[PDB]
Protein chains: 2
Amino acid sequence: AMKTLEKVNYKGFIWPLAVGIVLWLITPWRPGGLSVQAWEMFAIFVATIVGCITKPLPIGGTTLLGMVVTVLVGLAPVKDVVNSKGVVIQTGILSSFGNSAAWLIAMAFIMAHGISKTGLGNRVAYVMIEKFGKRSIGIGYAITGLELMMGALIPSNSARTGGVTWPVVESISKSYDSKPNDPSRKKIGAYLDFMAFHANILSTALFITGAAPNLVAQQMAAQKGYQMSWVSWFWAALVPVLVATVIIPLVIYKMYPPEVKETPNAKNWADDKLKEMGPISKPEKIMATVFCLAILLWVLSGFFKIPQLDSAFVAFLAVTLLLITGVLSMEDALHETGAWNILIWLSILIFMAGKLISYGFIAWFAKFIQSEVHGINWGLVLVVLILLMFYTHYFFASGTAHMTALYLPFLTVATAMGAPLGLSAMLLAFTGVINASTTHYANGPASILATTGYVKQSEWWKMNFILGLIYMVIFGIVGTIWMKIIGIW
Amino acid sequence: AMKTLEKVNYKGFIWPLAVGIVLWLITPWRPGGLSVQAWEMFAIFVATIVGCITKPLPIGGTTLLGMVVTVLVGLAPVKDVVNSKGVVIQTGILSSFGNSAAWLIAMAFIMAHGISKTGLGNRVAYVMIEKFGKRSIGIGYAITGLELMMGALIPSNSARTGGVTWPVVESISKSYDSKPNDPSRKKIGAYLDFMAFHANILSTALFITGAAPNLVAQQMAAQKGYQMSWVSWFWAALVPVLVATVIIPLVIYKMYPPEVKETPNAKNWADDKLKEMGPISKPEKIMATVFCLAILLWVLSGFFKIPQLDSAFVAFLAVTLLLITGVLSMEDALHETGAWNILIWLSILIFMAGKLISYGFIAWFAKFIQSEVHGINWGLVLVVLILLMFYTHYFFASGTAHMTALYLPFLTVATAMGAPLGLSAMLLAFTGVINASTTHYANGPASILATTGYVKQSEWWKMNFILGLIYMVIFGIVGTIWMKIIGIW
Ligand SMILES: CCCCCCCCCC
Ligand SMILES: CCCCCCCCCC
Ligand SMILES: CCCCCCCC
Ligand SMILES: CCCCCCCC
Ligand SMILES: CCCCCC
Ligand SMILES: CCCCCC
Ligand SMILES: CCCCCC
Ligand SMILES: CCCCCC
Ligand SMILES: CCCCCC
Ligand SMILES: CCCCCC
């Protein structure tokens, strides 16, 4: 029985529309050489992001609205058009939910629900609190150390974050009575959420097998005459990564402290809680077995590139195992809105960015940068290239397409302005990695951690812009000095 | 806090596995000319269906398990492989959720949730009970008459069923206290569910614009030298369709009666309820406006083939309107499991059938029938062709691909055995239409109505096999006589 409407934030519709309209009106006075469709899709993308920020019609609704408008203006069809030879020349909005990252994240959310249900997450949280609970900064450093250990085995960051780290964070934040979407989020939750995101960044940066973009950069460099290698990457990133490991947590604890900084009796507290919870149970045993097996498959995926191990089918496998095994009912899975909400909005944003690249925007930016910076010494050229490869990820969501589109061109530019090949390659790779510290759609982990509710998006973007300045500083300066020490240039 | 597992129907895993295994072992002794991959995918398809029937791991879980097994045995990848020229030679499991019918059905479920929320559905139910409540068979006949009126305007059956009919049925069944998944389903619910499905069949059969398969048959016939036309179809189907309209409801009321057959005071009851509900409200007004506008767009889709009117983007549009308007919160949409469950299992089944056609099974069946029936008179040939085009839909889910694959070959066969072109064409079209009375995945409407819970699947398949015999009898015999009266042959 319904009487009145639901409260909507019509105020938030002011900024987006305005922006879009403005850019639309600017269409005729566009930079030139740019397709009008591209500029219109760009305006729509910007307005959609502004809506995600201002938060009218939560991310799901505003992204749905953006996709709808994209459909109305004729910028994107619904059914994949064909070239009469079988090729797809324009993908539709429905050919957007067939994305791997989205379904992976969703199934990982489901697995985490199963964890929290069987009681395993609480156990792990009370354990890591027994051992690191004192000085919650210790908790942050434990999770970042865990992520760093895992980066060497699991080559899909989204997995480490949604299947391993995020459950830990949720369990701990539940044990400290820090529930999201409340003022009690700032107790300890947001600290761990943000630290986990940035630790995932560090892990991705330390190991060449931290994600697909790194392999893409490896392939492209080898295409331009320079062979990366697991040991080279590690030996070049070890130092800057440690410097970041030491600085980042400190600046975060100074800028975003958890209101609960000391639990001096956490040891006896956790021991009492573990004694009350009783011994380990059968469903907990089964869920642990499944989690370990899925971890094993995600690892095997790094050495054997096989469809049976795509890092998403593995999640489908683990969840159907939870179903056949009884620990998880299908009704429990059809619940857990987070999965489907992510599916929706992440897939839509990725599709919009794909249309942004297909219509010729990013290619024009590459060509413009190629044609603009001519008479400068290779150092300032490297500086500008890095800054651009950083602040361009605001127009991307994959992390892979960004490199696929802008690595080889930037590398060619640098090598043409005298810059040495190895330095340029590794710097641009580290930059393509640390892009993540911009947005909530940069990569999977950000989409997971910046929307769960522990962190408002405004704080996210601010702190991430700052930490991005810091990441650029560290990597550029120090990693350059270090790659000079060992003979990378 | 979890202690014990959830109760699973491990018994239901007996039949499927067994079946699959058997067929797998039969692989080497297959009919010949058939790809081994095809036979294995066929076994997996059959086992998945047997699981859907026996109902272990409800449809979602068993279909997930089937997709997983399909992935493990190397019959389907996860990411669309490419031909080095851009073409897709094998689609993956993730390129299965980009289906129009599934997302359409889901968004229609969402719209229906909004309806039931604002109180509009109850209003409509009490109205149609004031006017037809007596002799609930009257209710069945009102909904079938409604569907018949709509078939002329809305060329997507899934829409008529999930956006219009199914909400009516749910509202009425709620007003009579017939809740699904309970013994109180047989009060009036199942009767209306089944009658609505079969009325959708009749509407699809009466008008050439009842669905895409009819247009496909029109195109293919015109390809083989015979021009269908809206008036020809209607004048040839009017009589058999009326005979079915008169027989079907009767055999259903005799075979599946609603335990509540008379509400002699339904008029005063409904009037009292409408007076208590109060006047019409603002959100009800808005929801009605949106429903009417979506109906309008679905209609316009029949004359202008335009991406802005794909009959699914329209549903996205209506639901985002409900969101921006306040009648519907995104949390309400992320709920309503039915949508996502349908998405999952329908998309998976459609993908499996697509792999069944791609690997060369259906083509082999067509070739075999072409090479087998040679020395028979055109009448018995027509009979066999019709029976096959009926009992083949058990190996399909689209309704469109079935015709796209088996219409022109069957038509060529018939025309080669002497049969006249117009008769063969129209008969095979009517048969491709009435296929729906087999399964729960035949077309959208069946997937909607046979899984909501008002009807067990066993009863569904049984009664639909019977009514399929009856549909074949009616159409073949009587429609043949009628098309002979008017000069179709
Ligand atoms: C919160 C207001 C955000 C407006 C930013 C508009 C900047 C558009 C840059 C392209
Ligand atoms: C309920 C048992 C169902 C068994 C059906 C087996 C049919 C196989 C057809 C190929
Ligand atoms: C249950 C794990 C499946 C791994 C597939 C490997 C097949 C060669
Ligand atoms: C909602 C329908 C808009 C279609 C506009 C097409 C104008 C040529
Ligand atoms: C041009 C208007 C865009 C609105 C996107 C929410
Ligand atoms: C305020 C953030 C705007 C982002 C533009 C892409
Ligand atoms: C390029 C846009 C950067 C804005 C960061 C808040
Ligand atoms: C070969 C066995 C398949 C079982 C599918 C549920
Ligand atoms: C595919 C045919 C299986 C149906 C079982 C009744
Ligand atoms: C292929 C025919 C199956 C029928 C089961 C009712």
# chains A, B, ... in the order shown; residues from 1 in each chain; ligands from 1
>>> residues_around(residues="residue 436 (chain B)", least_positions_apart="4", cutoff="9 Å", atoms="only C-alpha atoms", output="JSON, numbers by chain")
{"B": [197, 198, 201, 390, 393, 399, 432, 440, 441, 442, 443, 445, 446, 464, 468]}
>>> write_last_selection(atoms="C-alpha atoms", output="short mmCIF file (atom, residue, chain, number, x, y, z; two decimals), in the first residue's frame")
data_model
loop_
_atom_site.label_atom_id
_atom_site.label_comp_id
_atom_site.auth_asym_id
_atom_site.auth_seq_id
_atom_site.Cartn_x
_atom_site.Cartn_y
_atom_site.Cartn_z
CA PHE B 197 0.16 -18.02 -22.01
CA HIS B 198 -2.15 -19.73 -24.48
CA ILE B 201 -0.09 -17.90 -28.40
CA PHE B 390 6.54 -28.66 -33.61
CA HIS B 393 11.25 -26.47 -30.40
CA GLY B 399 11.48 -18.93 -31.43
CA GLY B 432 6.50 -22.12 -35.58
CA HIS B 440 9.22 -23.10 -20.16
CA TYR B 441 11.95 -21.61 -22.38
CA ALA B 442 10.14 -21.71 -25.72
CA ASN B 443 9.59 -17.96 -25.74
CA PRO B 445 5.94 -15.51 -22.14
CA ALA B 446 6.44 -19.14 -21.17
CA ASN B 464 1.19 -28.12 -22.99
CA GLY B 468 0.05 -28.93 -28.61
#
>>> residues_around(residues="residue 75 (chain A)", least_positions_apart="4", cutoff="8 Å", atoms="only C-alpha atoms", output="ChimeraX atom specification")
/A:37,41,70-71
>>> write_last_selection(atoms="C-alpha atoms", output="PDB file, in the first residue's frame")
ATOM      1  CA  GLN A  37      29.248  12.218 -32.328  1.00  0.00           C
ATOM      2  CA  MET A  41      29.134  11.261 -26.292  1.00  0.00           C
ATOM      3  CA  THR A  70      22.929   7.905 -25.274  1.00  0.00           C
ATOM      4  CA  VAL A  71      20.314   5.766 -26.997  1.00  0.00           C
TER       5      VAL A  71
END
>>> residues_near_ligand(ligand="ligand 4", cutoff="8 Å", atoms="only C-alpha atoms and all ligand atoms", output="ChimeraX atom specification")
/A:72-73 /B:297,306,308-309
>>> write_last_selection(atoms="N, CA, C and O atoms", output="JSON list (two decimals), in the first residue's frame")
[["chain", "number", "residue", "atom", "x", "y", "z"],
["A", 72, "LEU", "N", 18.91, 7.75, -27.08],
["A", 72, "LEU", "CA", 17.93, 8.63, -27.70],
["A", 72, "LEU", "C", 18.56, 9.50, -28.77],
["A", 72, "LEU", "O", 17.95, 9.76, -29.81],
["A", 73, "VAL", "N", 19.79, 9.96, -28.54],
["A", 73, "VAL", "CA", 20.42, 10.94, -29.41],
["A", 73, "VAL", "C", 21.04, 10.24, -30.61],
["A", 73, "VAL", "O", 21.63, 10.89, -31.48],
["B", 297, "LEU", "N", 5.03, 3.43, -27.20],
["B", 297, "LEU", "CA", 6.30, 3.20, -27.88],
["B", 297, "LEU", "C", 6.39, 1.80, -28.45],
["B", 297, "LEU", "O", 6.86, 1.61, -29.57],
["B", 306, "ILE", "N", 13.40, 1.40, -35.31],
["B", 306, "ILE", "CA", 14.34, 2.43, -34.87],
["B", 306, "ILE", "C", 14.92, 2.03, -33.53],
["B", 306, "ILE", "O", 14.21, 1.57, -32.63],
["B", 308, "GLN", "N", 15.70, 3.57, -30.94],
["B", 308, "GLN", "CA", 15.01, 4.18, -29.82],
["B", 308, "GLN", "C", 13.74, 3.43, -29.43],
["B", 308, "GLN", "O", 13.09, 3.82, -28.46],
["B", 309, "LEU", "N", 13.37, 2.39, -30.18],
["B", 309, "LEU", "CA", 12.13, 1.66, -29.96],
["B", 309, "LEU", "C", 12.33, 0.15, -30.08],
["B", 309, "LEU", "O", 11.48, -0.55, -30.63]]
>>> closest_residue(among="A:188, A:382, A:78, A:19", to="ligand 6", atoms="only C-alpha atoms and all ligand atoms")
A:19
>>> residues_around(residues="residue 467 (chain B)", least_positions_apart="2", cutoff="10 Å", atoms="only C-alpha atoms", output="list in words")
residues 198, 244, 247, 248, 251, 252, 434, 437, 438, 461, 462, 463, 464, 465, 469, 470, 471, 472 and 473 of chain B
>>> interface_residues(of="chain B", to="chain A", cutoff="8 Å", atoms="only C-alpha atoms", output="mmCIF file with N, CA and C atoms, in the first residue's frame")
data_model
loop_
_atom_site.group_PDB
_atom_site.id
_atom_site.type_symbol
_atom_site.label_atom_id
_atom_site.label_comp_id
_atom_site.auth_asym_id
_atom_site.auth_seq_id
_atom_site.Cartn_x
_atom_site.Cartn_y
_atom_site.Cartn_z
ATOM 1 N N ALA B 1 24.555 -15.370 11.715
ATOM 2 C CA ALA B 1 25.066 -16.562 12.438
ATOM 3 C C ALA B 1 24.481 -17.832 11.834
ATOM 4 N N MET B 2 25.353 -18.669 11.278
ATOM 5 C CA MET B 2 24.942 -19.854 10.537
ATOM 6 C C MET B 2 25.446 -21.100 11.251
ATOM 7 N N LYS B 3 24.586 -22.113 11.350
ATOM 8 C CA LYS B 3 24.907 -23.345 12.061
ATOM 9 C C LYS B 3 24.884 -24.557 11.140
ATOM 10 N N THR B 4 23.792 -24.743 10.410
ATOM 11 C CA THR B 4 23.635 -25.887 9.529
ATOM 12 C C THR B 4 23.471 -25.431 8.084
ATOM 13 N N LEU B 5 23.548 -26.395 7.178
ATOM 14 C CA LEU B 5 23.460 -26.103 5.758
ATOM 15 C C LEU B 5 22.019 -25.858 5.333
ATOM 16 N N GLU B 6 21.854 -25.538 4.055
ATOM 17 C CA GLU B 6 20.529 -25.432 3.473
ATOM 18 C C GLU B 6 20.149 -26.745 2.804
ATOM 19 N N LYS B 7 18.864 -27.066 2.853
ATOM 20 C CA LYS B 7 18.384 -28.348 2.348
ATOM 21 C C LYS B 7 18.422 -28.326 0.829
ATOM 22 N N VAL B 8 19.164 -29.260 0.252
ATOM 23 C CA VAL B 8 19.315 -29.380 -1.192
ATOM 24 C C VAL B 8 18.708 -30.694 -1.652
ATOM 25 N N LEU B 57 18.557 -27.442 -7.105
ATOM 26 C CA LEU B 57 19.297 -26.235 -7.428
ATOM 27 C C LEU B 57 18.455 -25.407 -8.382
ATOM 28 N N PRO B 58 17.460 -24.696 -7.880
ATOM 29 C CA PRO B 58 16.427 -24.129 -8.749
ATOM 30 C C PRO B 58 16.972 -23.492 -10.011
ATOM 31 N N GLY B 60 17.898 -21.243 -11.690
ATOM 32 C CA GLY B 60 19.135 -20.485 -11.713
ATOM 33 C C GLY B 60 20.355 -21.349 -11.466
ATOM 34 N N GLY B 61 20.330 -22.128 -10.388
ATOM 35 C CA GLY B 61 21.503 -22.901 -10.022
ATOM 36 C C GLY B 61 21.820 -23.998 -11.018
ATOM 37 N N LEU B 64 23.262 -22.476 -14.108
ATOM 38 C CA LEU B 64 24.643 -22.093 -13.852
ATOM 39 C C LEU B 64 25.554 -23.306 -13.910
ATOM 40 N N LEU B 65 25.112 -24.412 -13.322
ATOM 41 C CA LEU B 65 25.899 -25.635 -13.345
ATOM 42 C C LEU B 65 26.095 -26.127 -14.770
ATOM 43 N N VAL B 68 28.624 -23.973 -16.465
ATOM 44 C CA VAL B 68 29.946 -24.303 -15.951
ATOM 45 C C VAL B 68 30.479 -25.553 -16.628
ATOM 46 N N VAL B 71 31.609 -25.006 -19.969
ATOM 47 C CA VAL B 71 32.903 -24.342 -20.009
ATOM 48 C C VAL B 71 34.023 -25.344 -19.775
ATOM 49 N N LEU B 72 33.805 -26.291 -18.869
ATOM 50 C CA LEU B 72 34.882 -27.178 -18.450
ATOM 51 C C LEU B 72 35.290 -28.123 -19.567
ATOM 52 N N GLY B 74 35.289 -27.709 -22.624
ATOM 53 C CA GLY B 74 35.841 -27.050 -23.785
ATOM 54 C C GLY B 74 34.861 -26.813 -24.905
ATOM 55 N N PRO B 77 33.926 -21.075 -24.792
ATOM 56 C CA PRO B 77 34.844 -20.231 -24.034
ATOM 57 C C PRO B 77 34.105 -19.213 -23.192
ATOM 58 N N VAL B 78 34.852 -18.293 -22.600
ATOM 59 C CA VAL B 78 34.283 -17.233 -21.790
ATOM 60 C C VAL B 78 34.331 -15.894 -22.510
ATOM 61 N N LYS B 79 35.382 -15.661 -23.282
ATOM 62 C CA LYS B 79 35.534 -14.439 -24.049
ATOM 63 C C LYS B 79 35.448 -14.744 -25.535
ATOM 64 N N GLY B 86 38.123 -9.885 -37.189
ATOM 65 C CA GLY B 86 37.136 -9.198 -36.389
ATOM 66 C C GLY B 86 35.888 -10.005 -36.126
ATOM 67 N N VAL B 87 35.684 -11.084 -36.860
ATOM 68 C CA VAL B 87 34.477 -11.885 -36.724
ATOM 69 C C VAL B 87 34.556 -12.721 -35.456
ATOM 70 N N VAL B 88 33.392 -13.098 -34.942
ATOM 71 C CA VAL B 88 33.297 -13.999 -33.805
ATOM 72 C C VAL B 88 32.927 -15.378 -34.336
ATOM 73 N N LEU B 94 29.787 -15.226 -21.481
ATOM 74 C CA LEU B 94 29.528 -13.850 -21.092
ATOM 75 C C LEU B 94 28.833 -13.074 -22.196
ATOM 76 N N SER B 95 28.988 -13.506 -23.445
ATOM 77 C CA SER B 95 28.288 -12.889 -24.567
ATOM 78 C C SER B 95 26.936 -13.580 -24.730
ATOM 79 N N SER B 96 26.267 -13.749 -23.597
ATOM 80 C CA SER B 96 24.974 -14.410 -23.544
ATOM 81 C C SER B 96 23.980 -13.542 -22.795
ATOM 82 N N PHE B 97 24.484 -12.716 -21.887
ATOM 83 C CA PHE B 97 23.661 -11.795 -21.130
ATOM 84 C C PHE B 97 23.382 -10.513 -21.891
ATOM 85 N N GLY B 98 23.872 -10.405 -23.119
ATOM 86 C CA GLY B 98 23.544 -9.281 -23.965
ATOM 87 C C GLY B 98 22.367 -9.599 -24.857
ATOM 88 N N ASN B 99 21.401 -10.327 -24.314
ATOM 89 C CA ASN B 99 20.217 -10.725 -25.051
ATOM 90 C C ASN B 99 19.079 -9.762 -24.756
ATOM 91 N N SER B 100 18.286 -9.470 -25.784
ATOM 92 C CA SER B 100 17.238 -8.472 -25.643
ATOM 93 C C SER B 100 16.067 -9.008 -24.840
ATOM 94 N N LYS B 117 3.207 -2.004 -6.355
ATOM 95 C CA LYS B 117 3.553 -1.162 -5.220
ATOM 96 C C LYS B 117 2.604 0.017 -5.103
ATOM 97 N N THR B 118 2.393 0.737 -6.201
ATOM 98 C CA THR B 118 1.586 1.944 -6.140
ATOM 99 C C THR B 118 0.110 1.647 -5.929
ATOM 100 N N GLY B 119 -0.314 0.404 -6.127
ATOM 101 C CA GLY B 119 -1.698 0.029 -5.942
ATOM 102 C C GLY B 119 -2.535 0.018 -7.197
ATOM 103 N N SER B 281 -4.651 8.104 -6.837
ATOM 104 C CA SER B 281 -3.597 8.881 -6.214
ATOM 105 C C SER B 281 -2.622 9.414 -7.254
ATOM 106 N N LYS B 282 -1.675 10.216 -6.775
ATOM 107 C CA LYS B 282 -0.672 10.788 -7.665
ATOM 108 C C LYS B 282 0.288 9.746 -8.216
ATOM 109 N N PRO B 283 0.944 8.924 -7.399
ATOM 110 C CA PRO B 283 1.859 7.924 -7.958
ATOM 111 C C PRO B 283 1.166 6.929 -8.865
ATOM 112 N N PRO B 307 16.239 2.199 -33.367
ATOM 113 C CA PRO B 307 16.869 1.778 -32.107
ATOM 114 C C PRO B 307 16.198 2.336 -30.871
ATOM 115 N N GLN B 308 15.705 3.569 -30.943
ATOM 116 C CA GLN B 308 15.013 4.178 -29.817
ATOM 117 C C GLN B 308 13.744 3.429 -29.434
ATOM 118 N N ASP B 310 13.442 -0.360 -29.553
ATOM 119 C CA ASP B 310 13.770 -1.770 -29.713
ATOM 120 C C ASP B 310 12.905 -2.680 -28.855
ATOM 121 N N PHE B 313 14.875 -1.203 -24.842
ATOM 122 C CA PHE B 313 15.232 0.149 -24.447
ATOM 123 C C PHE B 313 14.009 0.904 -23.964
ATOM 124 N N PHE B 316 13.770 -0.053 -20.349
ATOM 125 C CA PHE B 316 14.763 0.725 -19.616
ATOM 126 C C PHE B 316 14.287 2.156 -19.434
ATOM 127 N N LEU B 317 13.644 2.702 -20.461
ATOM 128 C CA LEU B 317 13.171 4.074 -20.410
ATOM 129 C C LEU B 317 12.070 4.227 -19.379
ATOM 130 N N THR B 320 13.640 3.883 -15.812
ATOM 131 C CA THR B 320 14.386 5.057 -15.387
ATOM 132 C C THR B 320 13.455 6.237 -15.171
ATOM 133 N N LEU B 323 12.164 5.860 -11.827
ATOM 134 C CA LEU B 323 13.189 6.229 -10.860
ATOM 135 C C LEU B 323 13.270 7.741 -10.698
ATOM 136 N N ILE B 324 13.502 8.456 -11.798
ATOM 137 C CA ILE B 324 13.576 9.913 -11.744
ATOM 138 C C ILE B 324 12.297 10.497 -11.168
ATOM 139 N N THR B 325 11.182 9.786 -11.287
ATOM 140 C CA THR B 325 9.906 10.345 -10.873
ATOM 141 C C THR B 325 9.608 10.083 -9.406
ATOM 142 N N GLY B 326 10.293 9.123 -8.797
ATOM 143 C CA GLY B 326 10.142 8.852 -7.384
ATOM 144 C C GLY B 326 9.260 7.679 -7.044
ATOM 145 N N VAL B 327 8.428 7.219 -7.979
ATOM 146 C CA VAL B 327 7.563 6.083 -7.702
ATOM 147 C C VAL B 327 8.364 4.825 -7.430
ATOM 148 N N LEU B 328 9.634 4.807 -7.811
ATOM 149 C CA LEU B 328 10.446 3.602 -7.747
ATOM 150 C C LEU B 328 11.855 3.971 -7.325
ATOM 151 N N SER B 329 12.314 3.389 -6.228
ATOM 152 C CA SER B 329 13.689 3.569 -5.814
ATOM 153 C C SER B 329 14.560 2.474 -6.410
ATOM 154 N N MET B 330 15.823 2.815 -6.650
ATOM 155 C CA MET B 330 16.727 1.840 -7.241
ATOM 156 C C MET B 330 16.855 0.608 -6.365
ATOM 157 N N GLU B 331 16.750 0.775 -5.048
ATOM 158 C CA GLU B 331 16.763 -0.382 -4.163
ATOM 159 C C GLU B 331 15.595 -1.307 -4.452
ATOM 160 N N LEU B 334 16.810 -3.189 -7.631
ATOM 161 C CA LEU B 334 17.825 -4.184 -7.326
ATOM 162 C C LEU B 334 17.250 -5.364 -6.564
ATOM 163 N N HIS B 335 16.120 -5.174 -5.907
ATOM 164 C CA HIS B 335 15.326 -6.257 -5.359
ATOM 165 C C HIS B 335 14.494 -6.826 -6.506
ATOM 166 N N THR B 337 13.939 -10.218 -7.214
ATOM 167 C CA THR B 337 14.821 -11.255 -7.725
ATOM 168 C C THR B 337 14.386 -11.798 -9.074
ATOM 169 N N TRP B 340 16.446 -10.780 -12.157
ATOM 170 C CA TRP B 340 17.810 -11.263 -12.305
ATOM 171 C C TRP B 340 17.848 -12.773 -12.485
ATOM 172 N N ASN B 341 16.970 -13.501 -11.798
ATOM 173 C CA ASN B 341 16.899 -14.942 -11.997
ATOM 174 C C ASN B 341 16.591 -15.267 -13.450
#
>>> closest_residue(among="B:29, B:132, B:42, B:298", to="ligand 2", atoms="only C-alpha atoms and all ligand atoms")
B:42
